[PDB]
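Enquirer: Structure file target28.cif (mmCIF, C-alpha atoms and all ligand atoms) right here:
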```
data_final
loop_
_atom_site.label_atom_id
_atom_site.label_comp_id
_atom_site.auth_asym_id
_atom_site.auth_seq_id
_atom_site.Cartn_x
_atom_site.Cartn_y
_atom_site.Cartn_z
CA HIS A 4 -0.52 15.20 14.14
CA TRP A 5 -3.91 15.29 12.45
CA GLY A 6 -6.88 13.33 13.74
CA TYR A 7 -10.61 13.60 14.30
CA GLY A 8 -10.78 15.58 17.55
CA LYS A 9 -11.82 19.13 18.38
CA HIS A 10 -8.24 20.36 18.10
CA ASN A 11 -6.88 18.31 15.19
CA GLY A 12 -9.92 17.24 13.22
CA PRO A 13 -11.08 17.82 9.66
CA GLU A 14 -11.65 21.60 9.98
CA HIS A 15 -7.98 21.93 10.92
CA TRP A 16 -6.43 19.81 8.19
CA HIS A 17 -6.07 22.64 5.67
CA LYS A 18 -3.29 24.18 7.81
CA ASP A 19 -0.90 21.27 7.05
CA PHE A 20 -2.59 20.21 3.76
CA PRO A 21 -3.86 23.27 1.98
CA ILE A 22 -5.40 21.19 -0.82
CA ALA A 23 -8.16 20.46 1.76
CA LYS A 24 -9.86 23.52 0.36
CA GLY A 25 -9.23 22.42 -3.26
CA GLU A 26 -11.54 21.91 -6.24
CA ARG A 27 -12.02 18.10 -6.08
CA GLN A 28 -12.16 17.07 -2.43
CA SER A 29 -13.94 14.03 -1.03
CA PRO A 30 -16.26 12.89 0.34
CA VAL A 31 -19.39 14.55 -1.05
CA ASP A 32 -23.11 14.29 -0.65
CA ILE A 33 -24.54 12.24 -3.49
CA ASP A 34 -27.79 13.96 -4.52
CA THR A 35 -29.52 10.97 -6.20
CA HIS A 36 -31.87 13.15 -8.22
CA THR A 37 -29.05 15.37 -9.61
CA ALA A 38 -26.72 12.44 -10.56
CA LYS A 39 -26.85 11.83 -14.25
CA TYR A 40 -27.45 8.36 -15.67
CA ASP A 41 -24.61 7.72 -18.08
CA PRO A 42 -25.62 4.77 -20.29
CA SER A 43 -22.06 4.73 -21.70
CA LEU A 44 -20.49 3.78 -18.34
CA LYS A 45 -19.33 0.14 -18.42
CA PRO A 46 -20.08 -2.40 -15.71
CA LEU A 47 -17.37 -2.45 -13.12
CA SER A 48 -15.03 -5.45 -13.24
CA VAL A 49 -13.96 -6.74 -9.82
CA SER A 50 -11.44 -9.62 -10.05
CA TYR A 51 -10.54 -10.67 -6.53
CA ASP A 52 -10.34 -14.45 -7.10
CA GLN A 53 -6.54 -14.42 -6.55
CA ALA A 54 -6.35 -11.78 -3.77
CA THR A 55 -3.59 -12.34 -1.25
CA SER A 56 -4.13 -10.54 2.08
CA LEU A 57 -1.01 -10.13 4.27
CA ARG A 58 -1.56 -8.08 7.45
CA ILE A 59 -4.10 -6.19 9.49
CA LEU A 60 -2.91 -2.94 11.09
CA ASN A 61 -4.17 -0.22 13.47
CA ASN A 62 -2.73 2.94 11.88
CA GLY A 63 -4.07 5.38 14.49
CA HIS A 64 -6.86 6.60 12.17
CA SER A 65 -8.55 3.35 11.07
CA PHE A 66 -7.66 -0.31 10.69
CA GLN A 67 -6.57 -1.69 7.38
CA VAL A 68 -6.12 -5.06 5.72
CA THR A 69 -3.19 -4.89 3.30
CA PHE A 70 -2.77 -7.04 0.18
CA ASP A 71 0.12 -8.18 -2.03
CA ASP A 72 0.04 -5.62 -4.83
CA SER A 73 3.29 -6.86 -6.51
CA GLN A 74 1.19 -8.51 -9.30
CA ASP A 75 -2.27 -8.26 -10.91
CA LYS A 76 -3.96 -10.66 -8.42
CA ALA A 77 -6.86 -8.54 -7.24
CA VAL A 78 -7.77 -5.84 -9.70
CA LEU A 79 -10.47 -3.35 -10.54
CA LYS A 80 -11.14 -2.56 -14.25
CA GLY A 81 -13.94 -1.20 -16.39
CA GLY A 82 -16.58 1.09 -15.01
CA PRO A 83 -15.35 4.68 -15.51
CA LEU A 84 -11.70 3.52 -15.44
CA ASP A 85 -9.13 3.23 -18.25
CA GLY A 86 -6.63 0.45 -17.40
CA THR A 87 -5.99 -1.84 -14.45
CA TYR A 88 -5.96 -0.91 -10.79
CA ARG A 89 -4.38 -3.18 -8.18
CA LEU A 90 -5.95 -3.64 -4.70
CA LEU A 91 -3.62 -2.25 -2.02
CA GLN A 92 -5.73 -2.26 1.15
CA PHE A 93 -9.18 -1.85 2.59
CA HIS A 94 -10.25 -0.01 5.69
CA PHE A 95 -13.36 1.49 7.28
CA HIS A 96 -14.79 4.73 8.66
CA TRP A 97 -17.43 4.54 11.41
CA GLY A 98 -19.40 6.38 14.04
CA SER A 99 -19.85 6.49 17.80
CA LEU A 100 -23.54 5.65 17.05
CA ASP A 101 -25.27 4.03 14.07
CA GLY A 102 -26.62 7.37 12.71
CA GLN A 103 -23.18 8.54 11.56
CA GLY A 104 -19.94 7.08 10.32
CA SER A 105 -20.04 7.16 6.55
CA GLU A 106 -18.02 9.75 4.70
CA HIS A 107 -20.23 9.90 1.60
CA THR A 108 -23.84 10.66 2.19
CA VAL A 109 -26.86 9.88 -0.02
CA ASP A 110 -29.44 12.68 -0.11
CA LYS A 111 -27.84 13.71 3.25
CA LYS A 112 -28.44 10.24 4.77
CA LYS A 113 -25.42 9.04 6.80
CA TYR A 114 -24.67 5.35 7.13
CA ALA A 115 -23.17 3.68 10.19
CA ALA A 116 -19.94 2.98 8.39
CA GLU A 117 -18.19 3.03 5.03
CA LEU A 118 -15.77 0.48 3.57
CA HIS A 119 -13.04 1.73 1.24
CA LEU A 120 -11.19 -0.68 -1.06
CA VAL A 121 -8.20 1.23 -2.29
CA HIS A 122 -6.67 0.49 -5.71
CA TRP A 123 -3.84 2.15 -7.74
CA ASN A 124 -3.31 2.41 -11.51
CA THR A 125 -0.60 -0.05 -12.58
CA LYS A 126 0.61 2.30 -15.31
CA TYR A 127 2.22 4.35 -12.50
CA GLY A 128 4.10 1.39 -11.01
CA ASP A 129 3.63 2.21 -7.31
CA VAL A 130 1.12 3.88 -5.04
CA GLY A 131 3.43 6.79 -4.11
CA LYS A 132 3.66 7.72 -7.81
CA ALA A 133 -0.01 7.10 -8.44
CA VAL A 134 -1.15 9.56 -5.73
CA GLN A 135 0.58 12.30 -7.74
CA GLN A 136 -1.72 11.70 -10.78
CA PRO A 137 -5.34 12.76 -11.35
CA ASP A 138 -6.28 9.15 -12.42
CA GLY A 139 -3.89 7.47 -9.98
CA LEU A 140 -6.29 5.77 -7.58
CA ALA A 141 -9.70 4.13 -7.68
CA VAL A 142 -11.52 3.70 -4.37
CA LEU A 143 -14.53 1.46 -4.19
CA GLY A 144 -16.84 2.71 -1.48
CA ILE A 145 -19.49 0.54 0.17
CA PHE A 146 -22.00 1.70 2.79
CA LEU A 147 -22.71 -0.32 5.94
CA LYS A 148 -26.08 -0.28 7.68
CA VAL A 149 -26.88 -2.08 10.92
CA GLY A 150 -29.16 -5.13 10.80
CA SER A 151 -28.24 -8.73 9.90
CA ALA A 152 -24.66 -9.85 10.35
CA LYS A 153 -22.21 -9.97 7.42
CA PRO A 154 -20.62 -13.42 7.66
CA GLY A 155 -17.72 -12.41 5.41
CA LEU A 156 -16.76 -9.62 7.88
CA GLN A 157 -16.48 -11.85 10.93
CA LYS A 158 -12.88 -12.96 10.39
CA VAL A 159 -11.95 -9.24 10.54
CA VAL A 160 -14.03 -8.49 13.64
CA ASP A 161 -12.53 -11.39 15.52
CA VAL A 162 -8.92 -10.28 15.32
CA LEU A 163 -9.51 -6.60 16.31
CA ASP A 164 -8.76 -7.38 20.01
CA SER A 165 -5.17 -8.09 18.92
CA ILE A 166 -4.68 -4.62 17.22
CA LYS A 167 -6.34 -2.46 19.81
CA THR A 168 -3.85 0.43 19.76
CA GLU A 169 -2.04 2.53 17.17
CA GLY A 170 0.84 0.66 15.56
CA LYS A 171 -0.19 -2.88 16.41
CA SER A 172 -0.45 -5.36 13.56
CA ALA A 173 -1.06 -9.06 12.98
CA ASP A 174 -0.87 -11.68 10.28
CA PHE A 175 -4.04 -11.68 8.24
CA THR A 176 -3.69 -14.22 5.50
CA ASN A 177 -6.30 -15.89 3.31
CA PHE A 178 -8.97 -13.24 3.78
CA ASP A 179 -11.34 -13.06 0.81
CA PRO A 180 -12.69 -9.53 0.20
CA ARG A 181 -15.43 -10.88 -2.08
CA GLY A 182 -17.35 -11.59 1.11
CA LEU A 183 -17.67 -7.84 1.77
CA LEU A 184 -19.46 -6.94 -1.49
CA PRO A 185 -23.18 -6.40 -1.91
CA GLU A 186 -25.22 -8.16 -4.66
CA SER A 187 -25.39 -5.25 -7.07
CA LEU A 188 -22.47 -3.38 -8.57
CA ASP A 189 -24.58 -0.38 -9.59
CA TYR A 190 -22.57 2.72 -8.68
CA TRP A 191 -22.12 6.45 -8.67
CA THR A 192 -18.79 7.92 -9.82
CA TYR A 193 -17.03 11.27 -9.57
CA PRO A 194 -13.43 12.66 -9.49
CA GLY A 195 -12.20 13.35 -5.98
CA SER A 196 -9.49 12.93 -3.39
CA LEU A 197 -8.13 10.90 -0.51
CA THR A 198 -10.35 11.58 2.50
CA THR A 199 -7.38 11.50 4.84
CA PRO A 200 -4.15 13.55 4.70
CA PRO A 201 -2.49 14.15 2.33
CA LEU A 202 -5.93 14.68 0.72
CA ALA A 203 -4.35 14.23 -2.73
CA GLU A 204 -6.65 14.85 -5.68
CA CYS A 205 -5.92 11.50 -7.35
CA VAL A 206 -9.07 9.44 -6.93
CA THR A 207 -11.77 8.14 -9.18
CA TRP A 208 -14.51 7.43 -6.65
CA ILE A 209 -16.81 4.44 -7.29
CA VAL A 210 -19.57 4.36 -4.62
CA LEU A 211 -21.96 1.41 -4.67
CA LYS A 212 -25.69 2.14 -4.41
CA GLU A 213 -26.46 -1.00 -2.39
CA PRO A 214 -25.28 -1.09 1.25
CA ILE A 215 -24.15 -4.20 3.08
CA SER A 216 -25.73 -5.06 6.40
CA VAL A 217 -23.62 -5.71 9.46
CA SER A 218 -24.71 -6.59 12.95
CA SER A 219 -24.68 -4.35 16.01
CA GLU A 220 -22.17 -6.82 17.60
CA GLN A 221 -19.83 -6.44 14.61
CA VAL A 222 -19.87 -2.62 14.63
CA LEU A 223 -19.50 -2.57 18.43
CA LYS A 224 -16.15 -4.34 17.99
CA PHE A 225 -14.95 -1.56 15.62
CA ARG A 226 -15.81 0.89 18.41
CA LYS A 227 -13.50 -0.87 20.94
CA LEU A 228 -10.41 0.07 18.94
CA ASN A 229 -8.27 3.00 20.14
CA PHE A 230 -6.78 6.05 18.37
CA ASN A 231 -4.03 6.08 20.98
CA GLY A 232 -0.84 4.13 21.41
CA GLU A 233 -0.54 1.54 24.15
CA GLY A 234 0.13 3.25 27.54
CA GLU A 235 -1.56 6.55 26.54
CA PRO A 236 -4.93 7.75 27.81
CA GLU A 237 -7.58 5.54 26.14
CA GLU A 238 -9.44 7.40 23.37
CA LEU A 239 -11.92 5.20 21.52
CA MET A 240 -11.50 5.01 17.72
CA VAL A 241 -14.95 6.36 16.80
CA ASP A 242 -16.11 9.04 14.37
CA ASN A 243 -13.09 8.69 12.07
CA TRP A 244 -14.95 10.15 9.11
CA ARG A 245 -14.47 13.38 7.14
CA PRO A 246 -17.70 15.35 6.50
CA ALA A 247 -18.97 16.05 3.02
CA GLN A 248 -17.03 18.65 1.07
CA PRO A 249 -18.21 21.11 -1.58
CA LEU A 250 -19.00 19.56 -4.91
CA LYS A 251 -17.94 22.71 -6.85
CA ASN A 252 -17.67 22.12 -10.61
CA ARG A 253 -18.20 18.32 -10.52
CA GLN A 254 -20.89 16.07 -11.99
CA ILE A 255 -21.75 12.80 -10.22
CA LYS A 256 -22.59 10.12 -12.80
CA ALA A 257 -24.76 7.01 -12.18
CA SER A 258 -24.29 3.58 -13.83
CA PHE A 259 -28.02 2.87 -13.46
CA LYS A 260 -31.45 4.46 -14.10
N1 LIG A 301 -9.92 7.27 2.90
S1 LIG A 301 -9.38 6.95 1.50
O1 LIG A 301 -9.73 5.66 0.90
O2 LIG A 301 -9.66 8.08 0.64
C1 LIG A 301 -7.74 6.74 1.86
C2 LIG A 301 -6.83 6.28 0.76
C3 LIG A 301 -5.40 6.47 1.21
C4 LIG A 301 -4.51 5.43 0.69
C5 LIG A 301 -3.10 5.65 1.14
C6 LIG A 301 -2.17 6.37 0.17
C7 LIG A 301 -0.81 6.76 0.69
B1 LIG A 301 -0.32 6.40 2.27
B2 LIG A 301 1.44 6.12 2.20
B3 LIG A 301 2.19 7.66 1.66
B4 LIG A 301 0.78 7.71 2.76
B5 LIG A 301 0.90 8.85 1.39
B6 LIG A 301 1.64 8.00 -0.01
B7 LIG A 301 1.94 6.30 0.48
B8 LIG A 301 0.39 5.56 0.87
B9 LIG A 301 0.53 6.72 -0.50
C8 LIG A 301 -0.07 8.18 0.14
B10 LIG A 301 -0.65 8.08 1.78
ZN ZN A 302 -11.22 5.74 3.58
#
```
As a first step, turn the structure in this file into structure tokens.

Expert:
Amino acid sequence: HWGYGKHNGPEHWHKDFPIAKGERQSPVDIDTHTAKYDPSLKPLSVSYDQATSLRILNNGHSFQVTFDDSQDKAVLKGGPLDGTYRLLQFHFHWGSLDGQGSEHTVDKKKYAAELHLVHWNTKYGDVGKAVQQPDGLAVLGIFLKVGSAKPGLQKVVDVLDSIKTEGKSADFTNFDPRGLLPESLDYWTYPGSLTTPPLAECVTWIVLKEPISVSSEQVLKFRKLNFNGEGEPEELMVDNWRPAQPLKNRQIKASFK
């Protein structure tokens, strides 16, 4: 199966998922000087007050916290979006060292990690249906830099020892994702894709300008996870990021001057 290694990594994915070479792939480099300020973009509306987290899972490519998306409890609205998008899960991409790990880049700068909060458009009823639509998904992307600890991330970090290997999961109730957001909701937006197989071109990307800071001890715990199943040779889950893809005929828009 696909992965992030020499033999199965991003430059190989097009063989099983030919859309990898498509017209609206993600991530991209965000050239801050070429992004156009669009004064008609609305502020983003993040309503996570009623979010219900369920489980945390090592899926062999990242770890994810999954939410109850059977009602409008944690939704994303406004911004460049038409309609209501329910929060399904969040996960991260990170590096083997602090100088890489983010999928989006800003004027070619890589961050140590990138948080993706994945939402789907309720007009399509379910995520499987939504990934087949050009406005099916909205992913809120947040950069992580290394410095001060993020207190709101610690509950996550502390359970990772229990989901070390691919397929392990644990109960992960009462986690509040509001503790992962930066102060500002200023953002860049562009039409793109999933950054993992199946690389479906169904995503409105919303990438926040302001990074969150996490501690070296927090990111070090991400790097103790494993790509492999229990009983297989130990391969650390590091560098699980797709490089920037060609922008082609797309315009990146900014919410802010
Ligand atoms: N890195 S990122 O934020 O761009 C990743 C978002 C991927 C969200 C998952 C969507 C599906 B999973 B399950 B099936 B497999 B295929 B169908 B169903 B869920 B929807 C699709 B894949
Ligand atoms: Zn992601």

Enquirer: Could you check the closest approach to residue 246 in chain A for each of A:64, A:10, A:96, A:107 and tell me which residue wins, using only C-alpha atoms?

Expert: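 Looking only at the distances to residue 246 in chain A, the closest residue turns out to be A:107.
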
Enquirer: If the limit is 9 Å from any atom of ligand LIG 301 (chain A), counting all atoms listed in the file, which residues qualify? Return them as a ChimeraX atom specification.

Expert: /A:29-30,91-96,106,118-122,129-135,140-144,195-203,206,208,244-245

Enquirer: Between A:117, A:242, A:220, A:179, which residue has the minimum interatomic distance to ligand ZN 302 (chain A), considering all atoms listed in the file?

Expert: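 Of A:117, A:242, A:220, A:179, the one nearest ligand ZN 302 (chain A) is A:117, counting all atoms listed in the file.
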
Enquirer: Which residue out of A:251, A:62, A:75, A:82 has the minimum interatomic distance to residue 42 in chain A when only C-alpha atoms are used?

Expert: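 So, comparing all the options, the nearest one is A:82.
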
Enquirer: For a quick check of understanding, using only C-alpha atoms, which of A:148, A:89, A:18, A:80 has the smallest distance to residue 113 in chain A?

Expert: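 Looking only at the distances to residue 113 in chain A, the closest residue turns out to be A:148.
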
Enquirer: Considering all atoms listed in the file, state which residue in the set A:35, A:61, A:254, A:248 is at the smallest distance from residue 164 in chain A.

Expert: A:61

Enquirer: How far is it from CA of residue 177 in chain A to CA of residue 51 in chain A, in Å with one decimal?

Expert: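 Computed distance, CA of residue 177 in chain A to CA of residue 51 in chain A, equals 11.9 Å.
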